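Okay, so here's the structure we're looking at.
A quick note on method: Cβ atoms are made from the backbone with ideal geometry, for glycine too, and the neighbour counts reach across all protein chains shown. Please treat every number below as a calculation from the coordinates, not as lab data.
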Number of protein chains: 2
Amino acid sequence: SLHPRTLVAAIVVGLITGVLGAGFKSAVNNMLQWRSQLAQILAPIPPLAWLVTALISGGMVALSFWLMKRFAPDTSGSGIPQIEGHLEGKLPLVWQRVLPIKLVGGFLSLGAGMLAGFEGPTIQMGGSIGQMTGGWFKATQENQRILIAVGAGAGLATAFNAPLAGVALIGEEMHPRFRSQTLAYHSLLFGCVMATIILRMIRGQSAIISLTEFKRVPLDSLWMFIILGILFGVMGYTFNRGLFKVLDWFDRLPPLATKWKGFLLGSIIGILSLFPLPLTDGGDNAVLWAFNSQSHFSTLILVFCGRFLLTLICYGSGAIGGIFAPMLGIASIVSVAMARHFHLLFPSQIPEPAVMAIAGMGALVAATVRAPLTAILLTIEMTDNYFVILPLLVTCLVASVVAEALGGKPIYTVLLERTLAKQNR
Amino acid sequence: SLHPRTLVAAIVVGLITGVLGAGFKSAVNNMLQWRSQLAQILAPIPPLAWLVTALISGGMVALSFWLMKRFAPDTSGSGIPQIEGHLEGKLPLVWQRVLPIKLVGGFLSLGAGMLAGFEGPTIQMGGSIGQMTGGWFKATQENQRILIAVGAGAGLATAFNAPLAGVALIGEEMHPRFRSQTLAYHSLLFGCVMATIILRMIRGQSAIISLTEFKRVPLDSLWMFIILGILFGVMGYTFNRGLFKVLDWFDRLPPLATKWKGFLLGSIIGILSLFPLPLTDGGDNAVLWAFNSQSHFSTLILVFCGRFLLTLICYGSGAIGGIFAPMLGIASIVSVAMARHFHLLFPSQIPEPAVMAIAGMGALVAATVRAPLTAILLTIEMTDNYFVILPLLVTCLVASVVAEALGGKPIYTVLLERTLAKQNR
Ligand SMILES: [Br-]
Ligand SMILES: [Br-]
């Protein structure tokens, strides 16, 4: 049921988003540590670095919002909604505006230390690339939907080095028609594999955090994850309800408050980046902090509360964000602390407290997004671990069932409804 | 978008097909080794075991065809087509006939040493159970399609201890409507997880063949798997073309030749089982032979050809089969032999020859079935290995692309057209 010209077209897509997605992370992290290095050169005398790192990170986030509007307010926030909508009819996609602004803007946002979120810019930039190439390749109407849907999944793979995830993204959440070329899967796979290959060439080839050795997970240890699910289920429910309210508060003007909204929220995050803790930035560092570097059970709770608020305060403000990675650090910090405690009560059933630290790593995403299958893979692909599956599933799907048992609604569909409601911006 | 009464029903589904699916394999393997032990008890003097093992395996397959019609000719062959049809409209499904016949018949077939194929019975029985508990739960119209689609995916999972495969099965090949309850995924995941948890309870918990240590796969080693895909692409093309033509031969009577077809084909396999070599039986043993027990490069090609024919001969005859496992054993033998040879020409790009042996393990399935995503997941879940991914993807989707580049068509969709053509049996 497959058609050649398109497959080779997806090969072009994944290749572009790979170079841009990988090239993006490197460019951002270089700016991240450059500020951190500027903070220690001025650190000695005195808190002059307290000022300089505030003017920089503040001016970066401020110039981030200004380049958003007026230029292309379509880049605000995540990236899944804007493409999830275009793929379905509502909301237009223009690449010559999204591509060069979601990039030059997203860089100033993530580069200042905001609580996001590579998979944000890369997924939209990738969808735009899928359109840019679709126009270059003069493909049909249904085929150019595929190229954009491919560039979307590739954008995810190019952020977490996870192909199967970017594939399962389109497959579960953001479910498209594809009529009747249901073999656009082939176009996806192609687009993703190529993306991660270009990724692994620039900064590969290993995963995000390979916890490959932990493989002792007994059968009578699963009951704990039902509870790890219920915990993350209500966690997702409160994450959504909160985000929505922070969005409201930000939507409520005033005209002079938004003038400074960027400079303020940015400089405040600029200071918070100076404290030796993973309380700011994308969220990868926060996952590389639950595990492995052992810290106080109190400090976990300290950072968990720190980020859980700062992400909502960040994304709600409507900066060029990305909500996947932040929900990975927030979830991991918890799952690790929950891990310690369950091993504390029952060590005879959780011999390795890292198993439960992996299972509930993408359980927040699973709950808030209603999309467990695409979360379960995301974890497997950044830990190279599959032995954690039976836990992973139960703690990810029970995490979703519960959140929508309290009635939370998929954070992206509701995030889309709100971006639709700006049919006059 | 999820509805509780259905999720809790899927729990019942997978749990039942789990108990049956596992209880099925063990009950079959018990008959496999029982005959093999009877063969060695009478082995000493003389070839009297040559006669006994022929009568038994011949009388089983003959009894298997007899219980097929008149009773439930719907249980003939695989199980994907029948359910793929009922799920789409054409062809009816009645559990009170399929369940008990596909079981007692499948036990006699696989228990005799036929070239199949647990996923056959377990998937169709799983579909039957999904329907049986669909009436018990008085589910709606669309919900009972889900319950049957779940039981199907669980059937696969129960056979290979691979949840993510049974989930990707329904998702890619055998793509259903689900309108607009696209979150039947939660019903699938649930059904698969439960099944494998019941599976691991009875015969778990480890995979089929764990090859978790091989994790060195360079980026400039990929080009080989393109070529490994080209090889399987043509291998699948001929596997389909062949199967179809073997089927024609069997469909062409005579009315007196079919009277003995069951006894003749069965006793022939009964003799072949006695040879110390994995050329009969499901195909698991075949995969558990490529790796690990090292045997002559010549013996590989001797077994490969032997099985490649014996499978078509066993399935084309319209016996209660299952074509996944047989296609795995064949592919593995080939992928290993191709591995040795590639490591022979370039060791500085295939340090570990087992890496390539894993990639093209499910590339025969990928090519023949047009379903790469489900194959890629099937392999990962039976090797506990994710490091093989980039090869696994390239070698599996290029295995499929080539297959339908020579235009082979999905072996299941065509298998469905042929069972449709029997709208008069
Ligand atoms: Br996102
Ligand atoms: Br099958």
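Per-structure values
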read-out: Test: residue in region B:312-322 that is crowded, with 24+ Cβ neighbours inside 10 Å and at positive phi; value: yes
read-out: Test: residue in region B:208-226 that is of a type outside the set (A, V, I, L, M), in a helix (DSSP H, G or I) and in contact with a helix residue (DSSP H, G or I) (Cβ under 7 Å, 6 or more places away or on another chain); value: yes
read-out: Single residue of region A:198-207 satisfying the filter (part of a loop (DSSP other than H, G, I, E, B) and either touching a residue at least 60 places away in the same chain (Cβ under 8 Å) or surrounded by 14 or more Cβ atoms within 10 Å (Cβ to Cβ) (or both)) that is nearest to the chain's Cα centre (by Cα); value: A:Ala207
read-out: Residues of region A:205-243 classified as of a type in the set (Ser, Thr, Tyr) and away from every other protein chain (no Cβ under 12 Å), total; value: 2
read-out: Out of B:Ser78, B:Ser128, B:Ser109, sole residue that is among the polar types (S, T, N, Q) and more than 26 Å from B:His175 (Cα to Cα); value: B:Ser109
read-out: Residues of region A:40-92 that turn out to be crowded, with 18+ Cβ neighbours inside 10 Å and in contact (Cβ under 8 Å) with a residue 60 or more places away in the chain, as a count; value: 27
read-out: Residue list for region B:393-417, filter: in contact with a helix residue (DSSP H, G or I) (Cβ under 7 Å, 6 or more places away or on another chain) and free of Cβ contacts under 8 Å to residues at least 60 places away in the same chain; value: B:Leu393
read-out: Matching residues, region B:134-161, being assigned to a loop (DSSP other than H, G, I, E, B) and either of a type in the set (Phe, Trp, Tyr) or without any contact (Cβ under 8 Å) to a residue 24 or more places away in the chain (or both); value: B:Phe137, B:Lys138, B:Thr140
read-out: Per-region count, region A:408-424, residues in a loop (DSSP other than H, G, I, E, B) and either more than 10 Å from chain B (Cβ to nearest Cβ) or among the charged types (D, E, K, R) (or both); value: 6
read-out: Single residue of region A:112-155 satisfying the filter (within 20 Å of A:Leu32 (Cβ to Cβ) and away from ligand 1 (no atom under 16 Å from the Cβ)) that is nearest to the chain's Cα centre (by Cα); value: A:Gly113
read-out: Single unsatisfied condition, B:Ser335 versus (1) away from chain A (no Cβ under 11 Å); (2) without any contact (Cβ under 8 Å) to a residue 24 or more places away in the chain; (3) within 26 Å of B:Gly153 (Cβ to Cβ); value: (2)
read-out: Filter result for B:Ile170 (out of contact with any strand residue (DSSP E or B) (no Cβ under 7 Å at 6 or more places or on another chain) and buried (at least 24 other Cβ atoms within 10 Å of the Cβ)); value: yes
read-out: Region B:114-126 - residue that is touching a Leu at 6+ places or on another chain (Cβ under 7 Å) and either away from ligand 2 (no atom under 16 Å from the Cβ) or not hydrophobic (A, V, I, L, M, F, W, C) (or both) and, of those, nearest to the other protein chains (Cβ to nearest Cβ); value: B:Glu119
read-out: Filtered residues of region A:71-115 (kept if under 25 Å from A:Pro278 (Cβ atoms), polar (S, T, N, Q) and part of a helix (DSSP H, G or I)); value: A:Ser109
read-out: Residue under evaluation A:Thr280, criteria (1) away from ligand 1 (no atom under 16 Å from the Cβ); (2) crowded, with 20+ Cβ neighbours inside 10 Å; (3) part of a helix (DSSP H, G or I); (4) in contact (Cβ under 8 Å) with a residue 60 or more places away in the chain, criterion not met; value: (3)
read-out: Residue in region A:19-36 that is part of a helix (DSSP H, G or I) and within 14 Å of another protein chain (Cβ to nearest Cβ) present; value: yes
read-out: Selection from region B:162-186 of residues that are more than 10 Å from every other protein chain (Cβ to nearest Cβ) and either in a helix (DSSP H, G or I) or at positive phi (or both); value: B:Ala165, B:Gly166, B:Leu169, B:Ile170, B:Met174
read-out: Conditions (1) away from ligand 2 (no atom under 16 Å from the Cβ); (2) more than 17 Å from the chain's Cα centre (by Cα); (3) away from chain A (no Cβ under 14 Å); number of the one not met by B:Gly14; value: (3)
read-out: Subset tally (residues that are outside any helix (DSSP H, G or I), more than 10 Å from chain B (Cβ to nearest Cβ) and surrounded by fewer than 23 Cβ atoms within 10 Å (Cβ to Cβ)) for region A:373-407; value: 2
read-out: Residues of region A:351-372 satisfying the condition of being among the hydrophobic types (A, V, I, L, M, F, W, C) and either within 11 Å of another protein chain (Cβ to nearest Cβ) or part of a loop (DSSP other than H, G, I, E, B) (or both); value: A:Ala354, A:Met361, A:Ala366, A:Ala371
read-out: Among (1) among the basic types (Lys, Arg); (2) under 29 Å from B:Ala43 (Cβ atoms); (3) away from ligand 2 (no atom under 16 Å from the Cβ), the one test that B:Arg307 misses; value: (3)
